[PDB]
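Enquirer: Sequence and experimental coordinates follow.
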Amino acid sequence: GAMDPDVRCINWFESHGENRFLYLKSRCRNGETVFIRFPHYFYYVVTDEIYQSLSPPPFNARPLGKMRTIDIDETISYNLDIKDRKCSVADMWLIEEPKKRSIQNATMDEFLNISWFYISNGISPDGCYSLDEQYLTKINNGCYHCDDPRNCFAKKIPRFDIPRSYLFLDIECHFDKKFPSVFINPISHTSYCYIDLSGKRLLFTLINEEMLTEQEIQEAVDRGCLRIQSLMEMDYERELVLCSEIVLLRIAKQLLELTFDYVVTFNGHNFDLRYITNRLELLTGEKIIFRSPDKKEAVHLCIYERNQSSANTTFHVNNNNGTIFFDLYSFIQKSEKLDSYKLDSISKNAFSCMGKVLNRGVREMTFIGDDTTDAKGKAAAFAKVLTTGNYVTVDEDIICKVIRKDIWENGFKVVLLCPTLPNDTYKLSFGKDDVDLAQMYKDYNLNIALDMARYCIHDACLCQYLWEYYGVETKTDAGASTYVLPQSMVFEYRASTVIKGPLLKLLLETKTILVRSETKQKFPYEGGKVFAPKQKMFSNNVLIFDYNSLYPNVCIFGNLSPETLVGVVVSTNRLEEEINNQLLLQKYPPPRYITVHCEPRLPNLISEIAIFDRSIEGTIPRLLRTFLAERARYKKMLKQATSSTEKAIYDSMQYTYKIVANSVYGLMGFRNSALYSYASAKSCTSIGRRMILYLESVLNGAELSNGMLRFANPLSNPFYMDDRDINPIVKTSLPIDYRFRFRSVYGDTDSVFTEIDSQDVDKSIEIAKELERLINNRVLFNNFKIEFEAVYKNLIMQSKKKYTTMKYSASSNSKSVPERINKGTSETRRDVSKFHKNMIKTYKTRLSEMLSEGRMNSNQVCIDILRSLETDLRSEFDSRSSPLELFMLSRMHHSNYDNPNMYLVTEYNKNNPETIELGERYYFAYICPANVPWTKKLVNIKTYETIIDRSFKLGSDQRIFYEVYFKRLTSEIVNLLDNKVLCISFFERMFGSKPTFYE
């Protein structure tokens with residue numbers, strides 16, 4: 001009977017016909033669903049003079065107030081004769097039009113119609129409301145129309161929780177050597193995970209019969225599978241169903257046409273759904289059809305693309321029914337920087353626990369995880385993935401099938417098919433998987449079909465596990481709130497599109513319009529500025545300080561905005577440069593104006609100086625000021641809340657305000673952006689770079705003696721003359737006995753690393769906290785702050801991307817467990833041999849001790865540790881006392897896409913009593929004839945790969961091919977070294993080749 005008028009908006013979407021509409025999908029507190037339809041207008045902003053002139057009048061119009069319109073075109077000047085920036089005031093109108101309309105000098109055209117809908121009717125995209133039924137007329141069951149949303153939506157109310165329905169899916173298509181093509185390859189599986197409004201999970205997988213034997217099909221039935229002959233016969237409470245391809249496909253079409261809230265895949269948009277759809281057209285005639293909630297519009301499922309250069313392409317579904325088709329692969333690429341975007345890597349990082357041993361021996365380890373084993377609920381998360389996980393990875397490398405599992409709400413007990421090395425504790429991960437589909441299809445039979453079923457369901461369920469892990473539901477809503485956009489458009493549109501809502505709201509609040517009256521000349525700002533450590537290896541501890549949101553703070557500090565730019569003064573010679581600099585300082589003094597040297601924009605210019613007026617807060621800085629404030633609010637809300645559902649919501653909001661603030665720098669330099677401003681962007685970079693150098697100049701060589709911190713240079717404000725005490729000698733609250741010395745060791749865009757001559761992590765943290773305080777009170781000024789993050793012990797670092805250290809955090813003390821930090825690496829467990837590991841471990845421990853002596857050039861360390869390598873190496877090549885064991889390496893056998901490895905294992909199987917089986921882990925070594933001498937050439941070191949089985953004995957007329965191991969080893973050693981020229985001379989002489997340095 002009666003509609004619940006209490007609704008929570010969950011998506012918004014549009015139909016596109018000649019007769020088009022905007023639709024809302026909302027969820028009521030009971031659980032019912034209400035679609036509401038609204039007429040589509042196109043919005044235009046005009047000046048009052050244009051308004052009065054209009055051919056026929058607009059359908060509707062609301063006044064906007066007086067608004068300043070400002071010319072933000074950027075001009076350079078070769079002297080100080082800088083014309084004032086053009087500026088007019090006028091009453092403005094927001095006009096509505098049911099047809100598209102060309103209005104000769106309409107303004108604010110960059111902003112989106114949908115944004116105007118929300119702003120103009122006072123509707124928040126994710127709001128809860130008590131609808132005013134007076135303004136709704138029903139039209140289907142469940143679908144109402146609303147001519148007056150401003151009044152209908154007038155009673156906003158607080159957020160109530162709602163249930164939501166999900167379908168997560170994955171498919172498996174047959175193939176042998178080429179990538180599966182819809183014209184030739186059938187779908188072999190379709191797996192589905194349905195989460196109901198109740199929270200109940202339903203799992204079901206359809207298996208393609210036509211790829212099995214009539215006997216096999218009957219075995220499946222006997223074994224407990226259901227077999228069905230048509231769509232009508234499907235029973236969704238059956239986890240395993242066999243049917244024909246056409247049935248399977250008709251079943252997908254039925255599911256995909258349903259109005260789930262979310263349909264969720266990993267690369268489903270470009271692969272899985274494309275394949276289902278095309279394969280369905282092929283085998284029957286049929287389309288997958290979506291309909292608007294009032295049945296007025298019907299579209300056939302058609303995947304479309306969106307492009308965005310700096311770059312990758314994303315794929316999207318064109319459903320007009322309110323369902324959010326969400327591809328985690330696109331999303332994870334937009335929201336994270338990672339080395340791999342393969343599902344196995346993404347799973348490895350996201351889902352891991354610490355596993356305490358319960359049994360050893362046979363070919364079966366066993367572990368337990370719980371609150372007592374890692375951290376509160378880390379095992380609960382792991383247990384939830386295990387419900388369908390088939391392969392756990394142990395200790396980073398040992399992939400091993402599950403055998404049994406016990407699961408409860410907080411822990412798991414799992415038994416696995418691995419080797420043995422039983423330390424009391426080990427790390428468990430759901431990552432890589434030693435499965436060769438191409439082989440599986442080649443030998444396909446019932447048991448393999450069931451194995452794939454188990455794999456396919458797990459990939460579908462990984463989509464729900466990842467969806468919980470990345471918090472996509474709340475990120476979507478936070479996105480919608482903040483960007484003033486439909487939930488479904490939040491992770492579809494790009495960074496330049498999403499900034500526009502909040503920007504528009506600000507332009508309205510500040511009664512300001514920004515107009516570029518010219519074609520933008522071409523230049524971005526980037527000059528690829530990359531940062532290299534003063535040295536790689538650290539004997540002493542290293543202090544880590546982060547600037548707090550440097551670039552947003554730079555823009556605020558300088559009042560950097562396209563309209564606060566007074567002008568840009570350039571010079572081609574030193575006389576003009578000097579004259580201009582002295583006129584600058586008279587005409588645009590501080591502190592009202594800041595003047596910023598930038599990298600000049602033309603090759604003939606020796607100087608370029610952007611001048612900003614800080615008297616009236618500019619658009620961009622105020623935007624950022626809002627974003628930072630809102631983030632702070634939410635971080636506090638996140639700690640004042642206690643319900644974990646609320647924590648998730650406030651964490652997402654907080655995150656969204658981080659992301660959007662961080663988008664602003666790039667957007668200032670991107671020419672298709674509403675925030676583009678060459679000078680502002682360049683100036684932001686320049687001011688930031690200067691803050692880094694200032695902080696570094698001050699700490700580099702700074703010392704702490706008595707209770708005084710002697711900074712290495714005065715505390716002078718680098719941009720202009722200042723109120724503050726520049727005295728670099730500064731009272732500290734540290735112990736008088738402390739005597740320490742500091743070195744600026746690395747620094748980048750937003751971070752600064754300070755070596756301290758001490759290994760005492762307890763004291764290193766005590767001092768750093770005090771450095772933090774003095775840096776913020778005396779060194780820095782206005783809104784520039786750092787924060788002490790952590791101490792890094794045994795830092796070895798190569799870049800910001802590739803580094804290794806033990807990290808004792810700010811919270812930390814001397815004796816808590818560090819955090820092993822690895823980054824950018826590729827090795828361990830049989831990429832590299834025990835001879836290499838044992839040598840690297842030795843050559844490090846000796847090098848760290850050479851740095852604690854203090855008695856070094858670059859070259860007195862370097863000569864000494866390279867002499868020592870020639871000695872140890874020539875010794876091993878002559879004395880040859882090291883077991884063959886020490887040079888063995890591993891690998892997994894599998895089929896192709898690898899190629900000369902198949903020839904390697906084949907020939908071993910073809911010539912030897914044993915067979916290395918197709919999912920087996922086999923040892924190898926670099927072996928050559930003993931009559932080969934020291935070799936400075938090289939070749940296909942693949943020829944010398946020799947499978948070492950259990951029988952194998954080294955020929956009397958064979959040797960370990962030491963060179964291969966040595967070259968790889970001196971490589972790792974010369975990248976520990978700072979003297980580069982010495983290292984290359986060694987490597988050419990010893991190996992006839994030129995070494996790689998990780999640049």
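Expert: Nice, thanks for sending it over. Numbers count the residues shown, from 1 in each chain.
Enquirer: how many other residues sit next to residue 303?
Expert: For residue 303, the tally of surrounding residues (other Cβ atoms under 10 Å) stands at 17. C-beta here means a position set from N, CA and C on the backbone, and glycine is covered the same way.
Enquirer: I'd say it and residue 271 touch.
Expert: No - applying Cβ atoms under 8 Å as the test, residue 303 and residue 271 come out as separate, 9.8 Å apart.
Enquirer: so what's in contact with those two at the same time?
Expert: Counting by Cβ atoms under 8 Å, 6 or more residues apart in numbering, no residue touches both residue 303 and residue 271.
Enquirer: in the stretch 251-400 of the chain, which spans are helices?
Expert: 273-283, 328-335, 343-350, 378-386 (DSSP state H, counting those that start in this stretch).
Enquirer: ugh, wrong one, the stretch 551-700 of the chain
Expert: 574-587, 619-640, 644-668, 678-699.
Enquirer: Out of the ones you listed, which is closest to residue 241?
Expert: Ranking the helices of the stretch 551-700 of the chain by proximity to residue 241 (Cβ to Cβ) places helix 644-668 first, at 35.1 Å.
Enquirer: which other helices and strands contact that closest one?
Expert: Here helix 644-668 touches helix 472-483, helix 495-498, helix 550-558, helix 619-640, helix 678-699, going by 3 or more Cβ pairs under 8 Å, 6 or more residues apart in numbering; DSSP states H and E.
Enquirer: what do you get if the cut-off is 10 Å, keeping everything else the same?
Expert: Packing contacts for helix 644-668, counted by 3 or more Cβ pairs under 10 Å, 6 or more residues apart in numbering; DSSP states H and E, involve helix 328-335, helix 472-483, helix 495-498, helix 500-509, helix 550-558, helix 619-640, helix 678-699.
Enquirer: Could you check the angle that helix makes with helix 500-509?
Expert: 80 degrees (axes from the mean of the first three to the mean of the last three Cα atoms, to 10 degrees).
Enquirer: residues of helix 644-668 that come out buried?
Expert: 648-661, 663-668 (16 or more other Cβ atoms under 10 Å).
Enquirer: what angle do that helix and helix 550-558 make?
Expert: 60 degrees.
Enquirer: Serialize the helices of the stretch 551-700 of the chain to JSON lines and add fields for distance to residue 398.
Expert: Below are the helices of the stretch 551-700 of the chain laid out as JSON lines (distance: least, Cβ to Cβ, whole Å):
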{"stretch": "helix 574-587", "distance to residue 398": "65"}
{"stretch": "helix 619-640", "distance to residue 398": "38"}
{"stretch": "helix 644-668", "distance to residue 398": "34"}
{"stretch": "helix 678-699", "distance to residue 398": "44"}
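Enquirer: Mind checking those for the one nearest to residue 39?
Expert: Ranked by Cβ to Cβ, the member of those that lies closest to residue 39 is helix 644-668, at 30.1 Å.
Enquirer: possible to save the helices and strands packed on helix 644-668 as JSON lines with distance to residue 748?
Expert: Formatted as JSON lines, the helices and strands packed on helix 644-668 follow (distance: least, Cβ to Cβ, whole Å):
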{"stretch": "helix 328-335", "distance to residue 748": "22"}
{"stretch": "helix 472-483", "distance to residue 748": "28"}
{"stretch": "helix 495-498", "distance to residue 748": "22"}
{"stretch": "helix 500-509", "distance to residue 748": "28"}
{"stretch": "helix 550-558", "distance to residue 748": "10"}
{"stretch": "helix 619-640", "distance to residue 748": "21"}
{"stretch": "helix 678-699", "distance to residue 748": "7"}
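Enquirer: Nearest spatial neighbour of residue 124, chain-adjacent residues omitted?
Expert: residue 481 (6.3 Å; Cβ to Cβ, 6 or more residues apart in numbering).
Enquirer: so the one you found makes contact with residue 125?
Expert: Yes - at 6.5 Å, residue 481 counts as touching residue 125 under the criterion of Cβ atoms under 10 Å.
Enquirer: so who does the most centrally placed residue in the chain touch?
Expert: Taking Cα atoms, centre = their mean, the centroid of the chain lies closest to residue 336, which sits 0.4 Å from it. Residue 336 sits next to 346, 349, 470 when contact means Cβ atoms under 10 Å, 6 or more residues apart in numbering.
Enquirer: Break the chain down into its structural domains.
Expert: Following automatic domain parsing, one gets these domains for the chain: 6-70+87-157, 166-335, 352-430, 482-514+616-674, 689-823, 834-991.
Enquirer: Which of these sits closest to residue 531?
Expert: Across the domains of the chain, closest to residue 531 is domain 689-823 (Cβ to Cβ), at 4.2 Å.
Enquirer: for the closest one, how far is the first residue from the last?
Expert: Terminal residues of domain 689-823 lie 25 Å apart, using Cα to Cα, to the nearest Å.
Enquirer: Which secondary structure state does residue 850 sit in?
Expert: helix (DSSP: H, G, I helix; E, B strand; the rest coil).
Enquirer: And the closest residue to it other than its chain neighbours, how close does it get to residue 868?
Expert: Nearest non-adjacent residue to residue 850, counting by Cβ to Cβ, 6+ apart: residue 861, 5.2 Å away. Relative to residue 868, residue 861 is positioned 11 Å away (Cβ to Cβ, to the nearest Å).
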